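Colleague: Take a look at the following structure, please.
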Amino acid sequence: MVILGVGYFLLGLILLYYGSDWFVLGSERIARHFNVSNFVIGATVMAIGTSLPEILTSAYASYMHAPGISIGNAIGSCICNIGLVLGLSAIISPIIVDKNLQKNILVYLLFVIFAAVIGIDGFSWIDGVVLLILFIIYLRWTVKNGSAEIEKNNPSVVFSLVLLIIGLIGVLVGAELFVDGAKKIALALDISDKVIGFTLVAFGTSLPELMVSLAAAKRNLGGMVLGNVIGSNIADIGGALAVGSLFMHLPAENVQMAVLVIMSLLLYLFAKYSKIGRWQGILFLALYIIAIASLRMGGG
Ligand SMILES: CCCCCCCCCCCCCCC
Ligand SMILES: CCCCCCCCCCCCCCC
Ligand SMILES: CCCCCCCCCCCCCCC
Ligand SMILES: [Ca+2]
Ligand SMILES: [Ca+2]
Ligand code: NA
Ligand code: NA
Ligand code: NA
Numbered sequence: 002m003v004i005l006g007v008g009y010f011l012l013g014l015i016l017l018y019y020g021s022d023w024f025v026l027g028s029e030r031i032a033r034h035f036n037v038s039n040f041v042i043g044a045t046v047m048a049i050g051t052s053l054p055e056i057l058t059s060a061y062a063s064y065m066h067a068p069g070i071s072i073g074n075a076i077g078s079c080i081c082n083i084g085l086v087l088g089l090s091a092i093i094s095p096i097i098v099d100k101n102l103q104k105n106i107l108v109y110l111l112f113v114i115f116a117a118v119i120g121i122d123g124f125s126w127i128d129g130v131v132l133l134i135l136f137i138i139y140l141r142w143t144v145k146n147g148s149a150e151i152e153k154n155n156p157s158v159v160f161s162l163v164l165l166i167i168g169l170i171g172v173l174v175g176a177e178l179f180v181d182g183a184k185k186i187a188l189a190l191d192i193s194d195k196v197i198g199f200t201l202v203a204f205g206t207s208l209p210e211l212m213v214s215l216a217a218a219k220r221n222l223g224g225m226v227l228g229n230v231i232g233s234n235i236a237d238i239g240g241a242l243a244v245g246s247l248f249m250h251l252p253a254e255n256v257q258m259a260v261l262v263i264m265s266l267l268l269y270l271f272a273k274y275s276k277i278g279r280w281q282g283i284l285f286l287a288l289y290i291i292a293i294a295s296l297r298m299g300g301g
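Read in our numbering, the sequence shown has 290 at position 289, and its numbers run on one by one without any break.
Right, dumping it as structure tokens:
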């Protein structure tokens, strides 16, 4: 039963590795097909695709009367996407943000500040509906401003969509196998710890973002990286958190929200007045490390 766990674990890593690169390549081609920037494709198709685990997890957790896990997973993913995912990626491929993308990031920041303020007393189903509506508006606004609309079944298109979809299946299945594999290893060795397992929920669901962002960074696709991070956070709030709140009132996470707000503000300030490169990435990593060293365990 331990060899099966090791099997899943290694296999999940393989799928994650190759799948992420396929997803990126297919997404980069699709962007060129539709005449939209890499940021746009990153913030929409990629962000949502990779946030499907958060959405499902938050929904499932709140339905099972564990709303703390529901919001813990959602906001923890956001902190992970900036501190760990963007941190690593910025070091690998530093980014200077153009003026139009700076505007997108400011909208993101406002969205996050708005979510923090209405969530001070926790999140109701009404808070959820509002956030989901802003999420949809964000998506349409983003696509419009990053689109140059001008124009059977071209082999370039097909191969693009195949890469993208198979890549996405690869990263999502791979993330699942990684986690399921780890869990059966821990169970087999009798080192299973539930509160540890619930602490790592936002991470396991963030493995697609991590591997996808790293693959894009290796190909110097900085805008795509930034799109994936910014979009995943909005999807995690207007999607994962929001849907959670539909089943049950979510408890406040004011400390984690303050952390997210601070990291999000830092991200905008770097984008606007500087760059997102080596030392910005180092700072994001240091803050992430401080966060996981100090924040209360249990995943909510
Ligand atoms: C943004 C212009 C200044 C760049 C240098 C200051 C921002 C990066 C600071 C990194 C500090 C890293 C500390 C690690 C412990
Ligand atoms: C090309 C590699 C450049 C340096 C990468 C440094 C990463 C530092 C991450 C944080 C270390 C711990 C800080 C603890 C407060
Ligand atoms: C370099 C400016 C940092 C401003 C915020 C400083 C305190 C740390 C905030 C982020 C990480 C989580 C801290 C609480 C665990
Ligand atoms: Ca074409
Ligand atoms: Ca509220
Ligand atoms: Na995502
Ligand atoms: Na995710
Ligand atoms: Na996550």
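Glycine included, each C-beta is placed from N, C-alpha and C at the ideal position.
According to the Cβ coordinates, are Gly168 and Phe40 closer than 8 Å?
Modeller: Position 167 of the sequence shown, counted from the start, is the residue given in the question as residue 168. Position 39 of the sequence shown, counted from the start, is the residue given in the question as residue 40. Taking 8 Å as the Cβ cut-off, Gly168 and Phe40 do not qualify as a contacting pair.
Colleague: Whether or not the segment 287-299 and the segment 80-95 are in contact is what I'm after, with contact meaning three or more pairs of Cβ atoms, one per stretch, closer than 8 Å; do they touch?
Modeller: Yes, the segment 80-95 touches the segment 287-299.
Colleague: The alpha helix (DSSP H) spanning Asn74 covers which residue range?
Modeller: Taking the sequence shown and counting its residues from 1, one reaches residue 74 at position 73. Element bounds for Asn74: 68-81.
Colleague: Can the beta-carbon of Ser214 be found less than 8 Å from the beta-carbon of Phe124?
Modeller: Locating residue 214 in the sequence shown gives position 213, where the first residue counts as 1. Locating residue 124 in the sequence shown gives position 123, where the first residue counts as 1. No, the pair does not count as a contact, with Cβ atoms beyond the cut-off.
Colleague: State the beta-bridge partners of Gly123 as determined by DSSP.
Modeller: The residue labelled residue 123 in the question sits at position 122 within the sequence shown. DSSP lists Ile121 as partners of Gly123.
Colleague: Can you grab the Cα-Cα spacing for the pair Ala216 / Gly240, in whole Å?
Modeller: Taking the sequence shown and counting its residues from 1, one reaches residue 216 at position 215. Taking the sequence shown and counting its residues from 1, one reaches residue 240 at position 239. C-alpha separation (whole angstroms): 25 Å.
Colleague: Using a threshold of 7 Å, is the CB atom of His34 nearer than that to any non-hydrogen atom of ligand 4?
Modeller: Here residue 34 refers to the residue found at position 33 of the sequence shown. At least one heavy atom of ligand 4 is nearer than 7 Å to the Cβ of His34, so yes.
Colleague: If you drop the 5 nearest sequence neighbours on each side, which residues of the same chain put their C-beta closer than 6 Å to that of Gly20?
Modeller: Along the sequence shown, one-based indexing puts residue 20 at 19. Same-chain partners within the cutoff: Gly168, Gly171, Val172, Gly175.
Colleague: Just mark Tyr274 as buried or exposed, buried being the case when its beta carbon has 16 or more other beta carbons within 10 Å.
Modeller: For this step, residue 274 is matched to residue 273 along the sequence shown. Exposed, by the Cβ-count rule.
Colleague: Using C-beta distances below 6 Å, list every residue in its chain close to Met249, excluding the 5 sequence neighbours before and after it, in chain order.
Modeller: Residue mapping note: residue 249 aligns to position 248 of the sequence shown, counting from 1. Contacts found: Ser63, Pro68.
Colleague: Tell me the residue span of the alpha helix (DSSP H) that contains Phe10.
Modeller: Counting from 1 along the sequence shown, the entry for residue 10 is found at position 9. Counting along the chain, the alpha helix (DSSP H) containing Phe10 begins and ends at 3-34.
Colleague: Short of 6 Å in beta carbon distance, which residues of its chain neighbour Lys145, apart from the five on each side in sequence? Order them along the chain.
Modeller: As a working mapping, residue 145 is identified with position 144 in the sequence shown. Once the five neighbours on either side are set aside, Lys145 has no close Cβ partner at all.
Colleague: Using 8 Å as the Cβ pair cut-off and three pairs as the minimum, do the segment 186-201 and the segment 26-42 touch?
Modeller: As far as the Cβ criterion goes, the segment 186-201 does not touch the segment 26-42, which means the pair count is below three.
Colleague: Name the residue from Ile49, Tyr139, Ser52, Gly84 whose alpha carbon lies nearest to the alpha carbon of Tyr109.
Modeller: Here residue 109 refers to the residue found at position 108 when the sequence shown is read from its first residue. Answer by Cα proximity: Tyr139.
Colleague: Does DSSP put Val98 in a helix, a strand or coil?
Modeller: In the sequence shown, the residue the question calls residue 98 occupies position 97. Here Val98 sits in coil by DSSP.
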